[PDB]
Each structure stands twice: as C-alpha cells, then as structure tokens.
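Chemist: Please see the structure below; I have some questions.
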Amino acid sequence: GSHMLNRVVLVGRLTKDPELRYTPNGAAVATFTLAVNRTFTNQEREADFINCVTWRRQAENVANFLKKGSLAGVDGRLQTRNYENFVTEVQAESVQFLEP
Amino acid sequence: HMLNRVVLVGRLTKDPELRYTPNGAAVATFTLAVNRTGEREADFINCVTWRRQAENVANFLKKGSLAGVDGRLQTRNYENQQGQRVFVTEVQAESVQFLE
Amino acid sequence: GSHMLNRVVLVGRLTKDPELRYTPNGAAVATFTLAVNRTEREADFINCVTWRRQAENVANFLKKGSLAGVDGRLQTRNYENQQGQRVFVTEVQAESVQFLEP
Amino acid sequence: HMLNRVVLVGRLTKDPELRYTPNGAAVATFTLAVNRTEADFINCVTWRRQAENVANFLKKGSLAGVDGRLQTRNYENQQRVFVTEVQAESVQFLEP
C-alpha cells in the first residue's frame, strides 16, 4: 500500500478497570473503554465510548496504574475486527498517565 | 472538553452515499480502506461528513478514489429490537481532502 | 490547491505564565510555551497561540507549571531581520485547549 | 512521556536533502508547503529506511504525507543553529 495514514489521539476517562490477559504467544494485552467528552453540547454534554487495546509493557503499565475513572491519553491507530454472525477499536501504541 | 482527533488517508471501498436532511443539511458517508504493513492487512473505517465537505465528497470521490480525513472519533451505540447492544463507531470528518 | 492536511496534538506544561494581548480590533490573543517531554534531550519547547474564548480561558485557568493539551495547526511566520538573515518561526495555532487540572 | 503527534500532507518546496551521519545513518530533510484553510512551510526530518525512500522517490513539488512528532534539534552550520522540525516516523507518498 502507498499513501496510507492512520492516526488517533484521545484523552478520556476509563469507564471501568482495565482487563489484562495474555495471548497464546505470551504477549500481554490490556483492554479498556475510554469516555471522551464531545466538543459541542446538545439540547447536556454527551460523550463517546471508545474501546482501546494495548500490548506488552504498555498493557502492563496500564494494568498497574489505571483504574475506573482514571484520566488517560492514547496515541495509536484505528483498527477493525469485523466478522459475520463490525468492530472498531483504538490500537494504542502510547498511553500517557495524566494522574498520579 | 477532551482531546479527540483522527487523521486517515485511504481509498473508498464504494461510491459515497449522499443525502440532504429536510432542512437542507448535506450528509455524505463512505468507508475508507487503509492498508497496514498472518495479521490483518487493512482496516475499514466508516466516515461521515457534512455540508460543503459532503457536497465535495459526492462530486469528486468514487469507488477506489484516494481520500484523506481529519476529524473526531464518535460512537452511536444503541439497543436493537432484540435487546442486544449494537456498537457503531464512525469518523466525523471535519475536513475531507482529495486529489483535484 | 487540493489535498492538504495540518494537524498537531500536544500535551505539555507551561514554562511561563501565559501572556494575554488584544488585537487592534479587540480580539483576545494568548501566547504560551509548552514543555513536551520525550520518551539526550528530555523535552521540546513549543510556542502556542490561541484566540478569543480559548485565549480568555488560558489566561484565567493556566499558569506556569500547568498541564495543558492543545489541538490545532502548525503555522510559520518567517522573516528577514535587521541584519539581512532569514529567521524561521514555528508555532502551534491551537483550535482548542484542554485544561487537565480544572 | 507526553502526547506529541503531527500529521501533515503537502508539497515539497525543493528536492529533499540526503545526508549521512558518522556511523552511516541516512538522514533526509525537506520542507512541506501546506495551504492554510497562503501556505505554511514546515521543515521535516526523517531517518534510515524512510530517509532513503524520500531521497529516491520525492522531488520538488511531490505530494507527501508525514506522520510524526514536533521536535527541536541542534546542528552546527557548515555558529550554533537551532531548528524546530517535524520528526517523521513515517513518510507517505504516491506510488511512483
């Protein structure tokens, strides 16, 4: 592929504790959902709920330091896992911990 | 209130769909295939654009055309008629870029 | 004239208190510099500029040491100085400023 | 670390400049003209495989996409010189 860009940057709050597991190849994987407030206001300020996935030390740092309600920033890519009986999620290659 | 930024460059998988709201707001939708580099080879992102940007999409973009998007990631999740939670993730394109 | 994208997103700490000025037409304009840490140089100094309501909020809520997030565009204002040498200016025109300690 | 992400799409103003470091690492610099929504002229830098691709694929006026980070750098002139550049992790361009 030529001329392909895919970049996402989000800051939000985890809706619940992150879920850490390990893949068959032993790679740690931490998942979590990020509530990101919208810019505009309707009628009430709605939010968007974005599923994120992290890998290896990134996933391990997430599991140890981030909890429900923690503020976190992610930098990564949009990835899809559509199947037939669509899924979209953020593959976060960097996670910033905005709280101590 | 919180950071939310998406930038993509890919190629439309089909011709864009255009429609005007009864009040005259143009809304155009399309799906961007973005190639990666055993694992998945590409991702397919649904995009939404409004007003002049949407009229540009409909007049200049077709299946296979190269297009770039700059916007935010939003969700429109809902509960279907069968009590099942359905997840909808889309890119609200604030700016659409294309050749010519 | 077609196919152009310009997007910057940063999180950093203000190295100094923001400076608030007003244009000849009365528009508020606030400037500030962010220290953006890296993963021998430890952080990059990036000059930011904001307008109107965003500038008012920056002036009221952000001070030296405040953590801030910016989303905007890269802009350049290069010129020729008194001695005839070109000097290059790069700054972030922030469309939105997130205050991470309100 | 903190968030620092830049994405640009523009046109090279000049042919890219290919240099090498003492240990043989390729380094390519170029300037992207990005029209405002009048244009901005942003200096970019890339390394190694990406640098080699820039050198033998991009020329004056070529369209190029950049994904990277906003950084500052030091390099003596051929006086101390300080520059603000986009460090490109990936450089995208149109199939030759």
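Residues in the structure tokens are named by chain (A, B, ... in the order shown) and by number from 1 within that chain; ligands are numbered from 1 in the order shown.
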Pick out the residues sitting within 10 Å of residue 59 (chain D), and hand them over as a PyMOL selection string; count only C-alpha atoms, and ignore anything fewer than 3 positions along from it in its own chain.

Modeler: chain D and resi 11-17+30+54-56+62-64

Chemist: Let me see the file: selected residues, N, CA, C and O atoms, as a JSON list (two decimals), in the first residue's frame.

Modeler:
```
[["chain", "number", "residue", "atom", "x", "y", "z"],
["D", 11, "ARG", "N", 3.21, 19.61, -0.21],
["D", 11, "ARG", "CA", 4.06, 19.53, -1.39],
["D", 11, "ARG", "C", 5.46, 19.99, -1.02],
["D", 11, "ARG", "O", 5.63, 21.04, -0.41],
["D", 12, "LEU", "N", 6.46, 19.20, -1.41],
["D", 12, "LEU", "CA", 7.85, 19.60, -1.19],
["D", 12, "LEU", "C", 8.15, 20.88, -1.96],
["D", 12, "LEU", "O", 7.80, 21.01, -3.13],
["D", 13, "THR", "N", 8.82, 21.82, -1.28],
["D", 13, "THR", "CA", 9.21, 23.06, -1.94],
["D", 13, "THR", "C", 10.49, 22.89, -2.75],
["D", 13, "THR", "O", 10.68, 23.58, -3.75],
["D", 14, "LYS", "N", 11.37, 21.98, -2.33],
["D", 14, "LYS", "CA", 12.63, 21.72, -3.00],
["D", 14, "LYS", "C", 12.86, 20.22, -3.04],
["D", 14, "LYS", "O", 12.13, 19.44, -2.43],
["D", 15, "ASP", "N", 13.89, 19.82, -3.77],
["D", 15, "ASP", "CA", 14.32, 18.44, -3.71],
["D", 15, "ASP", "C", 14.76, 18.11, -2.29],
["D", 15, "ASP", "O", 15.37, 18.95, -1.62],
["D", 16, "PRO", "N", 14.47, 16.91, -1.79],
["D", 16, "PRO", "CA", 14.95, 16.55, -0.45],
["D", 16, "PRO", "C", 16.47, 16.53, -0.41],
["D", 16, "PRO", "O", 17.14, 16.33, -1.42],
["D", 17, "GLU", "N", 17.01, 16.74, 0.79],
["D", 17, "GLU", "CA", 18.45, 16.77, 1.02],
["D", 17, "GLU", "C", 18.84, 15.54, 1.82],
["D", 17, "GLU", "O", 18.36, 15.35, 2.94],
["D", 30, "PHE", "N", 13.44, 17.93, 4.35],
["D", 30, "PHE", "CA", 12.66, 18.56, 3.30],
["D", 30, "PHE", "C", 11.66, 19.50, 3.94],
["D", 30, "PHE", "O", 11.41, 19.44, 5.15],
["D", 54, "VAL", "N", 12.65, 8.76, 0.80],
["D", 54, "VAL", "CA", 12.46, 10.16, 0.44],
["D", 54, "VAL", "C", 13.44, 10.56, -0.65],
["D", 54, "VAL", "O", 13.07, 11.26, -1.61],
["D", 55, "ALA", "N", 14.70, 10.14, -0.53],
["D", 55, "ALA", "CA", 15.74, 10.61, -1.43],
["D", 55, "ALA", "C", 15.49, 10.18, -2.87],
["D", 55, "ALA", "O", 15.64, 10.98, -3.80],
["D", 56, "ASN", "N", 15.10, 8.92, -3.08],
["D", 56, "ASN", "CA", 14.95, 8.37, -4.42],
["D", 56, "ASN", "C", 13.48, 8.15, -4.81],
["D", 56, "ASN", "O", 13.16, 7.22, -5.54],
["D", 62, "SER", "N", 6.58, 17.19, -5.24],
["D", 62, "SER", "CA", 5.96, 15.90, -4.96],
["D", 62, "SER", "C", 5.01, 16.01, -3.77],
["D", 62, "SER", "O", 5.26, 16.76, -2.82],
["D", 63, "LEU", "N", 3.91, 15.26, -3.83],
["D", 63, "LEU", "CA", 2.98, 15.18, -2.72],
["D", 63, "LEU", "C", 3.50, 14.17, -1.70],
["D", 63, "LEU", "O", 3.94, 13.07, -2.08],
["D", 64, "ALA", "N", 3.47, 14.53, -0.42],
["D", 64, "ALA", "CA", 4.00, 13.67, 0.62],
["D", 64, "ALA", "C", 3.17, 13.83, 1.89],
["D", 64, "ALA", "O", 2.81, 14.94, 2.27]]
```

Chemist: Counting only C-alpha atoms, what are the residues of chain C within 12 Å of chain B, and for each of them which pair of atoms is the nearest and at what distance in Å, to one decimal? Sort the table by chain and rising number, as a Markdown table.

Modeler:
```
| residue | atom | partner | partner_atom | distance |
| --- | --- | --- | --- | --- |
| C:1 | CA | B:100 | CA | 7.9 |
| C:2 | CA | B:100 | CA | 5.9 |
| C:3 | CA | B:97 | CA | 4.6 |
| C:4 | CA | B:97 | CA | 6.4 |
| C:5 | CA | B:97 | CA | 7.4 |
| C:6 | CA | B:70 | CA | 8.7 |
| C:7 | CA | B:70 | CA | 8.0 |
| C:8 | CA | B:5 | CA | 9.2 |
| C:9 | CA | B:5 | CA | 8.0 |
| C:10 | CA | B:3 | CA | 9.7 |
| C:11 | CA | B:3 | CA | 9.9 |
| C:54 | CA | B:1 | CA | 11.8 |
| C:68 | CA | B:3 | CA | 10.8 |
| C:69 | CA | B:3 | CA | 7.5 |
| C:70 | CA | B:3 | CA | 8.0 |
| C:71 | CA | B:3 | CA | 7.2 |
| C:72 | CA | B:5 | CA | 9.9 |
| C:73 | CA | B:70 | CA | 11.7 |
| C:94 | CA | B:3 | CA | 11.9 |
| C:95 | CA | B:3 | CA | 11.1 |
| C:96 | CA | B:3 | CA | 8.5 |
| C:97 | CA | B:1 | CA | 8.6 |
| C:98 | CA | B:2 | CA | 6.1 |
| C:99 | CA | B:1 | CA | 8.5 |
| C:100 | CA | B:2 | CA | 8.8 |
| C:102 | CA | B:1 | CA | 11.1 |
```

Chemist: Rank A:78, A:27, A:95, A:53 by their smallest atom-to-atom distance to chain C, using only C-alpha atoms, and report the top residue only.

Modeler: A:95

Chemist: Applying 7 Å and only C-alpha atoms, which residues near region 36-51 of chain D remain after dropping the ones on its own chain fewer than 2 positions away? List them as a ChimeraX atom specification.

Modeler: /C:75-76 /D:25-34,53-55,85-91

Chemist: Quote the spacing between CA of residue 33 (chain B) and CA of residue 52 (chain B) in Å to one decimal place.

Modeler: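 Result for CA of residue 33 (chain B) versus CA of residue 52 (chain B): 22.9 Å, one decimal.
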
Chemist: Please measure the separation of CA of residue 8 (chain B) and CA of residue 46 (chain B), giving the value in Å to one decimal.

Modeler: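 Computing it gives 10.9 Å between the two atoms.
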